[PDB]
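What follows is the content of target.cif (mmCIF, C-alpha atoms).
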```cif
data_structure
loop_
_atom_site.group_PDB
_atom_site.id
_atom_site.type_symbol
_atom_site.label_atom_id
_atom_site.label_comp_id
_atom_site.auth_asym_id
_atom_site.auth_seq_id
_atom_site.Cartn_x
_atom_site.Cartn_y
_atom_site.Cartn_z
ATOM 1 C CA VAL A 156 8.601 -8.930 -25.696
ATOM 2 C CA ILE A 157 10.933 -11.265 -27.590
ATOM 3 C CA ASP A 158 10.369 -14.296 -29.747
ATOM 4 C CA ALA A 159 12.513 -16.772 -31.646
ATOM 5 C CA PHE A 160 11.353 -18.861 -34.589
ATOM 6 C CA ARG A 161 12.343 -21.387 -37.165
ATOM 7 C CA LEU A 162 10.575 -22.463 -40.329
ATOM 8 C CA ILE A 163 8.428 -25.549 -40.564
ATOM 9 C CA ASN A 164 9.472 -27.979 -43.259
ATOM 10 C CA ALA A 165 8.780 -27.100 -46.852
ATOM 11 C CA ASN A 166 5.590 -29.172 -46.549
ATOM 12 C CA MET A 167 5.588 -32.729 -47.831
ATOM 13 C CA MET A 168 3.512 -32.625 -44.668
ATOM 14 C CA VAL A 169 0.222 -33.928 -46.101
ATOM 15 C CA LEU A 170 1.597 -37.013 -44.367
ATOM 16 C CA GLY A 171 0.385 -35.316 -41.198
ATOM 17 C CA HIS A 172 3.803 -35.684 -39.598
ATOM 18 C CA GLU A 173 4.475 -33.618 -36.536
ATOM 19 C CA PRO A 174 7.264 -31.073 -37.060
ATOM 20 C CA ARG A 175 9.036 -32.047 -33.844
ATOM 21 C CA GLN A 176 9.456 -34.853 -31.341
ATOM 22 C CA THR A 177 8.186 -34.619 -27.772
ATOM 23 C CA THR A 178 9.487 -36.370 -24.657
ATOM 24 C CA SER A 179 8.748 -33.756 -22.038
ATOM 25 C CA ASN A 180 6.186 -31.327 -20.744
ATOM 26 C CA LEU A 181 8.987 -28.866 -21.150
ATOM 27 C CA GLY A 182 7.736 -27.285 -24.387
ATOM 28 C CA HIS A 183 4.010 -26.842 -23.730
ATOM 29 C CA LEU A 184 4.136 -24.348 -20.877
ATOM 30 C CA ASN A 185 3.007 -21.326 -22.917
ATOM 31 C CA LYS A 186 -0.113 -20.131 -24.698
ATOM 32 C CA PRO A 187 0.347 -18.782 -28.238
ATOM 33 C CA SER A 188 -1.234 -15.396 -28.809
ATOM 34 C CA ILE A 189 -4.119 -14.748 -31.168
ATOM 35 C CA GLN A 190 -2.053 -12.422 -33.364
ATOM 36 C CA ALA A 191 0.575 -14.950 -34.388
ATOM 37 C CA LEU A 192 -2.193 -17.439 -35.051
ATOM 38 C CA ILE A 193 -3.730 -14.874 -37.372
ATOM 39 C CA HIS A 194 -0.456 -14.724 -39.265
ATOM 40 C CA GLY A 195 -0.080 -18.461 -38.935
ATOM 41 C CA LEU A 196 2.766 -19.414 -36.642
ATOM 42 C CA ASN A 197 1.971 -23.080 -36.228
ATOM 43 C CA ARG A 198 1.011 -23.243 -39.909
ATOM 44 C CA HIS A 199 4.410 -22.297 -41.333
ATOM 45 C CA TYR A 200 6.952 -22.468 -38.522
ATOM 46 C CA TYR A 201 7.352 -22.898 -34.788
ATOM 47 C CA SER A 202 8.411 -20.971 -31.717
ATOM 48 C CA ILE A 203 11.380 -21.822 -29.477
ATOM 49 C CA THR A 204 11.631 -20.878 -25.808
ATOM 50 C CA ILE A 205 13.971 -18.083 -24.685
ATOM 51 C CA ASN A 206 16.050 -18.571 -21.532
ATOM 52 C CA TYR A 207 18.579 -16.466 -19.611
ATOM 53 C CA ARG A 208 21.711 -17.762 -17.865
ATOM 54 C CA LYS A 209 23.647 -15.007 -16.128
ATOM 55 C CA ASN A 210 27.144 -15.733 -14.833
ATOM 56 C CA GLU A 211 28.490 -14.781 -11.418
ATOM 57 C CA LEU A 212 30.375 -11.626 -12.203
ATOM 58 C CA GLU A 213 27.810 -9.740 -14.244
ATOM 59 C CA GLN A 214 25.141 -10.364 -11.646
ATOM 60 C CA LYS A 215 27.524 -9.056 -9.014
ATOM 61 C CA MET A 216 27.730 -5.876 -11.076
ATOM 62 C CA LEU A 217 24.041 -5.676 -11.790
ATOM 63 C CA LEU A 218 23.154 -5.127 -8.141
ATOM 64 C CA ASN A 219 25.795 -2.448 -7.654
ATOM 65 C CA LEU A 220 24.281 -0.669 -10.608
ATOM 66 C CA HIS A 221 22.116 1.444 -8.253
ATOM 67 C CA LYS A 222 24.200 1.878 -5.107
ATOM 68 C CA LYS A 223 24.666 5.457 -3.921
ATOM 69 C CA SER A 224 27.608 6.895 -2.043
ATOM 70 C CA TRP A 225 28.073 6.909 1.705
ATOM 71 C CA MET A 226 28.607 10.665 1.531
ATOM 72 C CA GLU A 227 24.884 11.198 1.277
ATOM 73 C CA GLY A 228 23.456 8.951 3.958
ATOM 74 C CA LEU A 229 24.724 10.937 6.929
ATOM 75 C CA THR A 230 23.643 14.306 5.493
ATOM 76 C CA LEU A 231 20.900 16.313 7.170
ATOM 77 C CA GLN A 232 18.122 18.149 5.408
ATOM 78 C CA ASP A 233 17.870 21.847 6.138
ATOM 79 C CA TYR A 234 15.845 22.547 9.267
ATOM 80 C CA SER A 235 14.320 25.603 7.763
ATOM 81 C CA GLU A 236 12.296 24.621 4.709
ATOM 82 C CA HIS A 237 11.673 21.398 6.624
ATOM 83 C CA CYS A 238 9.604 23.298 9.174
ATOM 84 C CA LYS A 239 7.874 24.981 6.241
ATOM 85 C CA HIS A 240 6.826 21.615 4.868
ATOM 86 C CA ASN A 241 5.503 20.542 8.255
ATOM 87 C CA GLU A 242 3.309 23.619 8.553
ATOM 88 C CA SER A 243 2.066 23.150 5.009
ATOM 89 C CA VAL A 244 0.796 19.645 5.624
ATOM 90 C CA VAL A 245 -0.656 20.380 9.054
ATOM 91 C CA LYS A 246 -2.697 23.249 7.667
ATOM 92 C CA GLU A 247 -3.763 20.966 4.831
ATOM 93 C CA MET A 248 -5.207 18.499 7.358
ATOM 94 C CA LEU A 249 -8.051 20.822 8.459
ATOM 95 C CA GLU A 250 -10.231 20.769 5.360
ATOM 96 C CA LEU A 251 -9.993 16.987 5.289
ATOM 97 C CA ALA A 252 -11.102 16.681 8.908
ATOM 98 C CA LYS A 253 -14.051 19.003 8.255
ATOM 99 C CA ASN A 254 -15.107 17.009 5.205
ATOM 100 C CA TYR A 255 -14.578 13.743 7.079
ATOM 101 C CA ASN A 256 -17.143 14.668 9.704
ATOM 102 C CA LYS A 257 -19.885 15.024 7.075
ATOM 103 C CA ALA A 258 -18.778 11.888 5.250
ATOM 104 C CA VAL A 259 -19.194 9.979 8.507
ATOM 105 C CA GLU A 260 -22.554 11.588 9.162
ATOM 106 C CA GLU A 261 -24.187 10.779 5.848
ATOM 107 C CA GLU A 262 -23.327 7.152 5.132
ATOM 108 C CA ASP A 263 -25.792 4.229 5.168
ATOM 109 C CA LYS A 264 -28.446 6.793 4.275
ATOM 110 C CA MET A 265 -28.671 5.160 0.824
ATOM 111 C CA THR A 266 -28.057 1.840 -0.895
ATOM 112 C CA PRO A 267 -24.494 0.592 -0.429
ATOM 113 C CA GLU A 268 -22.883 0.697 -3.865
ATOM 114 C CA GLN A 269 -24.621 4.019 -4.481
ATOM 115 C CA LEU A 270 -22.067 5.420 -2.072
ATOM 116 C CA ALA A 271 -19.149 4.785 -4.426
ATOM 117 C CA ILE A 272 -21.109 5.384 -7.633
ATOM 118 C CA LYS A 273 -22.028 8.860 -6.401
ATOM 119 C CA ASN A 274 -18.445 9.546 -5.271
ATOM 120 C CA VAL A 275 -16.666 9.511 -8.644
ATOM 121 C CA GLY A 276 -16.341 13.271 -8.845
ATOM 122 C CA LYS A 277 -15.697 14.632 -5.378
ATOM 123 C CA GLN A 278 -12.889 12.982 -3.439
ATOM 124 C CA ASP A 279 -13.410 10.778 -0.383
ATOM 125 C CA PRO A 280 -11.622 12.407 2.549
ATOM 126 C CA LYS A 281 -10.588 9.165 4.249
ATOM 127 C CA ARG A 282 -7.793 8.335 1.820
ATOM 128 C CA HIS A 283 -6.496 11.879 1.504
ATOM 129 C CA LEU A 284 -6.551 12.153 5.286
ATOM 130 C CA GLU A 285 -4.749 8.856 5.758
ATOM 131 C CA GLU A 286 -2.039 9.530 3.171
ATOM 132 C CA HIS A 287 -1.005 12.721 4.855
ATOM 133 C CA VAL A 288 0.129 10.394 7.517
ATOM 134 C CA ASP A 289 3.150 8.586 6.089
ATOM 135 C CA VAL A 290 4.450 12.066 5.380
ATOM 136 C CA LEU A 291 4.615 13.489 8.873
ATOM 137 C CA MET A 292 5.746 10.082 9.951
ATOM 138 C CA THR A 293 8.710 8.783 7.959
ATOM 139 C CA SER A 294 9.975 12.321 7.518
ATOM 140 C CA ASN A 295 10.094 13.387 11.150
ATOM 141 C CA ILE A 296 11.281 10.000 12.352
ATOM 142 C CA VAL A 297 14.180 9.689 9.945
ATOM 143 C CA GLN A 298 15.337 13.272 10.419
ATOM 144 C CA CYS A 299 15.344 12.980 14.190
ATOM 145 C CA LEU A 300 17.155 9.658 14.031
ATOM 146 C CA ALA A 301 19.870 10.873 11.666
ATOM 147 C CA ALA A 302 20.567 13.936 13.782
ATOM 148 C CA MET A 303 20.545 11.802 16.908
ATOM 149 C CA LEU A 304 23.164 9.471 15.451
ATOM 150 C CA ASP A 305 25.599 11.889 13.987
ATOM 151 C CA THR A 306 25.651 13.967 17.158
ATOM 152 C CA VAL A 307 27.854 11.152 18.529
ATOM 153 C CA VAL A 308 29.929 9.848 15.656
ATOM 154 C CA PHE A 309 31.702 13.210 15.124
ATOM 155 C CA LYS A 310 33.481 14.317 18.302
ATOM 156 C CA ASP B 208 27.835 18.605 69.972
ATOM 157 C CA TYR B 209 25.327 19.444 67.258
ATOM 158 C CA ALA B 210 27.942 21.442 65.372
ATOM 159 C CA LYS B 211 30.625 18.755 65.434
ATOM 160 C CA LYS B 212 27.931 16.090 64.994
ATOM 161 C CA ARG B 213 26.241 17.481 61.898
ATOM 162 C CA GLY B 214 27.776 19.870 59.362
ATOM 163 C CA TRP B 215 27.804 23.688 59.168
ATOM 164 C CA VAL B 216 31.487 24.437 59.679
ATOM 165 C CA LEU B 217 31.275 27.555 61.841
ATOM 166 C CA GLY B 218 34.463 29.157 60.552
ATOM 167 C CA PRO B 219 33.774 32.874 60.098
ATOM 168 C CA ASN B 220 30.778 32.682 62.482
ATOM 169 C CA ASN B 221 28.882 31.210 59.524
ATOM 170 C CA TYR B 222 26.643 28.164 59.794
ATOM 171 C CA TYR B 223 26.074 27.011 56.222
ATOM 172 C CA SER B 224 24.031 24.078 54.935
ATOM 173 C CA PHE B 225 24.395 22.975 51.318
ATOM 174 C CA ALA B 226 20.942 23.623 49.863
ATOM 175 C CA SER B 227 21.642 24.226 46.178
ATOM 176 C CA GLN B 228 22.258 20.754 44.667
ATOM 177 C CA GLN B 229 21.842 21.849 41.060
ATOM 178 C CA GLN B 230 24.018 19.207 39.314
ATOM 179 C CA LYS B 231 22.458 17.987 35.975
ATOM 180 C CA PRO B 232 24.549 19.922 33.429
ATOM 181 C CA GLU B 233 24.035 20.057 29.675
ATOM 182 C CA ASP B 234 24.191 16.340 28.948
ATOM 183 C CA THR B 235 22.771 15.725 25.476
ATOM 184 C CA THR B 236 24.629 12.407 25.155
ATOM 185 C CA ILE B 237 22.446 10.270 27.443
ATOM 186 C CA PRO B 238 19.491 11.501 25.380
ATOM 187 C CA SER B 239 21.516 10.813 22.261
ATOM 188 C CA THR B 240 21.561 7.153 23.170
ATOM 189 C CA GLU B 241 18.244 6.423 24.824
ATOM 190 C CA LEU B 242 16.189 8.607 22.478
ATOM 191 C CA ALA B 243 17.680 6.729 19.547
ATOM 192 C CA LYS B 244 16.558 3.498 21.197
ATOM 193 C CA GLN B 245 13.121 5.041 21.612
ATOM 194 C CA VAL B 246 12.674 6.206 18.027
ATOM 195 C CA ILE B 247 13.952 2.937 16.608
ATOM 196 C CA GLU B 248 11.195 1.261 18.596
ATOM 197 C CA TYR B 249 8.543 3.662 17.269
ATOM 198 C CA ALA B 250 9.508 2.787 13.731
ATOM 199 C CA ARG B 251 9.732 -0.889 14.649
ATOM 200 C CA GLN B 252 6.134 -1.380 15.673
ATOM 201 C CA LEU B 253 4.760 0.863 12.943
ATOM 202 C CA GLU B 254 5.149 -1.051 9.691
ATOM 203 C CA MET B 255 5.622 -4.631 10.872
ATOM 204 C CA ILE B 256 2.540 -6.736 10.290
ATOM 205 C CA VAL B 257 0.309 -6.990 13.349
#
```

Let me see the file written as structure tokens.
Amino acid sequence: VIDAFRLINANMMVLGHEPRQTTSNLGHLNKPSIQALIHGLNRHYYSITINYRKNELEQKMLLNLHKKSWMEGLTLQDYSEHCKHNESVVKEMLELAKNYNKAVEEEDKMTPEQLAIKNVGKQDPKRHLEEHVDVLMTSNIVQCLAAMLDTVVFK
Amino acid sequence: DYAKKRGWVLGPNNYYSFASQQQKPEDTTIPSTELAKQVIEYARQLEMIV
């Protein structure tokens, strides 16, 4: 949040003169906020539009600013601990399947929005079931791929 | 005629027919290529918009 201002003339403005000239749409693209109107921006001064103009070299830097070293990309995660995580999530799936069966059974038994409105406390097992996928996937895929590659590139 | 027609060289009175044909040694490399193809495909048609 940035702003840039300059003072309106020291009155002699009972003439009703505009503070500025206009020959473009270019200055009326933005809506002044209520707060500055409270403190009187168009009554005593005026705003001026901020613009950015980056040069070539700094923007070349600015993208590097997050790159991370090649050393890491080829590295494997430990296979132990990894298996532990797999078993954790798979055993977490059960309770959600059990709950899901009831949640399927009971719907349309009442008015439609009164499904959601009565589901603000207890969780809805669909989402928690779904978002444990995208954790077995992604993880298993990328680990198997990385091992499968580097088994060739070194000897 | 059978002997000199088919195999079983009867050297030390032995008629032997090759009936082992094990071959297929530990050959992880052919997996290492085609399985990579396979997994890349799994991830291909998983997030692309259908």

How close does chain B get to chain A? List, as a tab-separated table, each residue of chain B within 9 Å, its nearest atom pair and the distance in Å to one decimal, counting only C-alpha atoms.
```
residue	atom	partner	partner_atom	distance
B:235	CA	A:306	CA	9.0
B:236	CA	A:307	CA	7.5
B:238	CA	A:303	CA	8.5
B:239	CA	A:303	CA	5.5
B:240	CA	A:303	CA	7.9
B:242	CA	A:303	CA	7.8
B:243	CA	A:300	CA	6.3
B:246	CA	A:300	CA	6.9
B:247	CA	A:300	CA	7.9
B:249	CA	A:296	CA	8.5
B:250	CA	A:296	CA	7.6
```

Residue contacts of region 165-173 of chain A (12 Å, all atoms listed in the file) excluding same-chain residues fewer than 5 positions away, as a list in words:
residues 197, 198, 199, 200 and 201 of chain A

Please report the interatomic distance between CA of residue 295 (chain A) and CA of residue 233 (chain A) in Å with one decimal.
12.5 Å

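Pairwise distance (CA of residue 257 (chain A), CA of residue 242 (chain A)) equals 24.8 Å.
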
Could you state the separation of CA of residue 248 (chain A) and CA of residue 283 (chain A) in Å, given to one decimal place?
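Distance reported for this atom pair: 8.9 Å.
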
Step by step, work through what the PyMOL selection byres ((chain A and resi 174-188) around 8) selects in the shown file, and finish by giving those residues as a list in words.
residues 163, 164, 172, 173, 189, 190, 191, 192 and 204 of chain A

Quick one: what's the axis-aligned box for region 255-262 of chain A, all listed atoms, 6 Å on every side, centre and edges in Å to one decimal, as AutoDock Vina command-line options?
```
--center_x -19.4 --center_y 11.1 --center_z 7.4 --size_x 21.6 --size_y 19.9 --size_z 16.6
```

Do a neighbour search on residue 245 (chain A) at 10 Å with all atoms listed in the file, toss out local chain neighbours closer than 4 positions, and write the hits as JSON, numbers by chain.
{"A": [240, 241, 249, 287, 291]}
